[PDB]
Amino acid sequence: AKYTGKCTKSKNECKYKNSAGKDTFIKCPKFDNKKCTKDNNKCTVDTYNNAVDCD
């Protein structure tokens, strides 16, 4: 089940909801598209293969 939330550009961490209903914080990629280039921005998480997309 894909998740959606926000992300921080200060520590590059995506905030989503794990497969249960809580607050999970992971580390976004350092790519040039899936990286967190904005604080409190919006990022999508894909547990299907750990494919985080920050922007």
# chains A, B, ... in the order shown; residues from 1 in each chain; ligands from 1
>>> residues_around(residues="residue A:26", least_positions_apart="6", cutoff="12 Å", atoms="only C-alpha atoms", output="ChimeraX atom specification")
/A:3,5-8,11-18,36,43-47,50-54
>>> atom_distance(atom1="atom CA of residue A:23", atom2="atom CA of residue A:39")
17.4 Å
>>> select_by_dssp(residues="chain A", states="strand (DSSP E or B)", output="list in words")
residues 3, 4, 5, 6, 7, 8, 13, 14, 15, 16, 24, 25, 26, 27, 41, 42, 43, 44, 45, 53 and 54 of chain A
>>> write_last_selection(atoms="N, CA, C and O atoms", output="mmCIF file, in the first residue's frame")
data_model
loop_
_atom_site.group_PDB
_atom_site.id
_atom_site.type_symbol
_atom_site.label_atom_id
_atom_site.label_comp_id
_atom_site.auth_asym_id
_atom_site.auth_seq_id
_atom_site.Cartn_x
_atom_site.Cartn_y
_atom_site.Cartn_z
ATOM 1 N N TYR A 3 2.026 5.103 0.340
ATOM 2 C CA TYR A 3 1.742 6.119 1.348
ATOM 3 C C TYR A 3 2.115 7.508 0.841
ATOM 4 O O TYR A 3 2.878 7.650 -0.115
ATOM 5 N N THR A 4 1.572 8.533 1.491
ATOM 6 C CA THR A 4 1.847 9.912 1.108
ATOM 7 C C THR A 4 1.935 10.816 2.334
ATOM 8 O O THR A 4 1.203 10.633 3.305
ATOM 9 N N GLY A 5 2.835 11.793 2.280
ATOM 10 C CA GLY A 5 3.001 12.711 3.391
ATOM 11 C C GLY A 5 3.903 13.880 3.048
ATOM 12 O O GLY A 5 3.912 14.354 1.912
ATOM 13 N N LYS A 6 4.663 14.347 4.032
ATOM 14 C CA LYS A 6 5.573 15.468 3.832
ATOM 15 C C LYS A 6 7.023 15.034 4.027
ATOM 16 O O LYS A 6 7.301 13.861 4.282
ATOM 17 N N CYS A 7 7.942 15.986 3.908
ATOM 18 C CA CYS A 7 9.362 15.703 4.073
ATOM 19 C C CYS A 7 10.127 16.966 4.457
ATOM 20 O O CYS A 7 9.726 18.078 4.114
ATOM 21 N N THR A 8 11.233 16.787 5.174
ATOM 22 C CA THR A 8 12.054 17.910 5.607
ATOM 23 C C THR A 8 13.300 18.046 4.738
ATOM 24 O O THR A 8 13.926 17.053 4.370
ATOM 25 N N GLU A 13 14.127 13.795 5.480
ATOM 26 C CA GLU A 13 13.373 12.687 6.056
ATOM 27 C C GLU A 13 11.903 12.762 5.654
ATOM 28 O O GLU A 13 11.245 13.784 5.853
ATOM 29 N N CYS A 14 11.394 11.675 5.085
ATOM 30 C CA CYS A 14 10.004 11.616 4.653
ATOM 31 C C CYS A 14 9.104 11.124 5.783
ATOM 32 O O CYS A 14 9.423 10.153 6.470
ATOM 33 N N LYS A 15 7.975 11.800 5.970
ATOM 34 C CA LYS A 15 7.026 11.433 7.014
ATOM 35 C C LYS A 15 5.757 10.839 6.412
ATOM 36 O O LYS A 15 4.949 11.551 5.815
ATOM 37 N N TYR A 16 5.588 9.531 6.573
ATOM 38 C CA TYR A 16 4.417 8.841 6.044
ATOM 39 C C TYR A 16 3.792 7.938 7.102
ATOM 40 O O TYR A 16 4.156 7.994 8.277
ATOM 41 N N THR A 24 5.559 7.179 10.497
ATOM 42 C CA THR A 24 6.852 6.615 10.128
ATOM 43 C C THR A 24 7.742 7.665 9.473
ATOM 44 O O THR A 24 7.286 8.446 8.638
ATOM 45 N N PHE A 25 9.014 7.677 9.856
ATOM 46 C CA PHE A 25 9.970 8.631 9.306
ATOM 47 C C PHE A 25 11.151 7.910 8.663
ATOM 48 O O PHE A 25 11.935 7.250 9.345
ATOM 49 N N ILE A 26 11.270 8.040 7.346
ATOM 50 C CA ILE A 26 12.354 7.401 6.611
ATOM 51 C C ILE A 26 13.317 8.437 6.040
ATOM 52 O O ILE A 26 13.128 9.642 6.220
ATOM 53 N N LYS A 27 14.348 7.963 5.350
ATOM 54 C CA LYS A 27 15.339 8.847 4.749
ATOM 55 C C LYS A 27 15.168 8.905 3.234
ATOM 56 O O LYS A 27 15.368 7.911 2.538
ATOM 57 N N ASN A 41 7.377 20.098 2.606
ATOM 58 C CA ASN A 41 6.866 19.813 1.269
ATOM 59 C C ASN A 41 6.040 18.531 1.264
ATOM 60 O O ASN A 41 5.675 18.010 2.319
ATOM 61 N N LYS A 42 5.746 18.027 0.071
ATOM 62 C CA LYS A 42 4.965 16.805 -0.074
ATOM 63 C C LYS A 42 5.790 15.705 -0.732
ATOM 64 O O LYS A 42 6.408 15.917 -1.775
ATOM 65 N N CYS A 43 5.798 14.527 -0.115
ATOM 66 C CA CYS A 43 6.547 13.393 -0.642
ATOM 67 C C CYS A 43 5.707 12.120 -0.601
ATOM 68 O O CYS A 43 4.863 11.947 0.278
ATOM 69 N N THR A 44 5.944 11.230 -1.560
ATOM 70 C CA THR A 44 5.209 9.974 -1.636
ATOM 71 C C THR A 44 6.116 8.787 -1.329
ATOM 72 O O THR A 44 7.277 8.759 -1.738
ATOM 73 N N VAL A 45 5.579 7.808 -0.610
ATOM 74 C CA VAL A 45 6.340 6.616 -0.251
ATOM 75 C C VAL A 45 5.755 5.371 -0.907
ATOM 76 O O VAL A 45 4.536 5.217 -0.994
ATOM 77 N N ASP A 53 9.680 9.407 -3.041
ATOM 78 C CA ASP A 53 9.762 10.522 -3.977
ATOM 79 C C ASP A 53 9.454 11.843 -3.278
ATOM 80 O O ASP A 53 8.294 12.171 -3.029
ATOM 81 N N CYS A 54 10.502 12.597 -2.960
ATOM 82 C CA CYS A 54 10.345 13.880 -2.288
ATOM 83 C C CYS A 54 10.372 15.027 -3.294
ATOM 84 O O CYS A 54 11.106 14.984 -4.282
#
>>> atom_distance(atom1="atom CA of residue A:31", atom2="atom CA of residue A:19")
25.3 Å
